[PDB]
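Colleague: Sequence unavailable; structure follows:
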DNA sequence: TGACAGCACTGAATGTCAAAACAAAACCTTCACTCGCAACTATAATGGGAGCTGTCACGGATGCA
DNA sequence: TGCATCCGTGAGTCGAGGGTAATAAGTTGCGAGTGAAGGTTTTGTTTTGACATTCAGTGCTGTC
């Protein structure tokens, strides 16, 4: 529960300690990352909500993945490949320039569901200019 | 020369009179049932101690006799 | 004038481990009190006339 500028300042740790707990027992490095944001309103007065953020490990070439959590089936329907070049501090303004601008300036209405993030940890000191997709479930 | 400072006034955009509705549970009816009282039953029956408690110890006491 | 009897008294501060267990009749009648929660009532968050300003708006007005 944080600010507009803290829409990715808080979100940096929710992928990292989730990754480095599993990397202590991972013989590989899974190179496709998945993050899921959720908007769920209330029932008492319809002015409030809460957000449960789920980063996940990919069902990839390593079959045995003993990770705490849930087997999450990704939502189907229309999506958008918002590929990017920039560091996780640059997805801070990239999430804000897709959601402050690219939903008005491309005039699109994102649909109900989990906003799929597609980071790339395959290029994980210099500041890393990573590549990432923001696969929004869209209703065009 | 062009900035550079300040004025003229629209008006959309505020700050007030009203309701408009929605869940809030809050207090409140309800209405069927679960959960409780009370009475009777007719061959014959008739007297506890329920286990208990066993010698400390000098001392003062009151009332019987 | 003794002789029995009947009450009422008895270290200090600690300590441990911890409350235990008989037996007995039912059907039938039938009012009273959780209770299903049925459903209202309130006690608060939202629409619309206003018009009085206000700054926003755009341009001019005047100026270094």
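Modeller: Arrived safely. Numbers count the residues shown, from 1 in each chain, chains lettered A, B, ... in the order given.
Colleague: count of residues packed around whichever residue of chain A sits closest to DNA strand B?
Modeller: Nearest to DNA strand B, among the residues of chain A, is residue A:44, at 4.0 Å (Cβ to the nearest atom of the strand). Where you see a C-beta, it was placed from the backbone N, CA and C, and this is true even at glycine. Counted with other Cβ atoms under 10 Å, residues neighbouring residue A:44 total 6.
Colleague: give me the element the residue of chain A most remote from its centre is part of.
Modeller: Relative to the centre of chain A, the most outlying C-alpha is that of residue A:44, 29.1 Å out, by Cα atoms, centre = their mean. Assessed by DSSP states H and E, residue A:44 sits outside every helix and strand.
Colleague: Enumerate the residues of chain A near DNA strand B.
Modeller: Proximity of chain A to DNA strand B is confined to A:43, A:44, A:45, A:46 under the rule Cβ under 7 Å from any atom of the strand.
Colleague: Just give me the closest of these to residue A:66.
Modeller: residue A:43 (36.8 Å; Cβ to Cβ).
Colleague: what comes up buried for stretch A:124-138?
Modeller: A:130, A:132, A:133, A:134, A:135, A:136, A:137, A:138 (16 or more other Cβ atoms under 10 Å).
Colleague: For residue A:130, which residues are in contact?
Modeller: A:85, A:86, A:87, A:88, A:119, A:120, A:121, A:123, A:124 (Cβ atoms under 8 Å, 6 or more residues apart in numbering).
Colleague: count of neighbours near the second one?
Modeller: Neighbour count for residue A:86, taken as other Cβ under 10 Å: 16.
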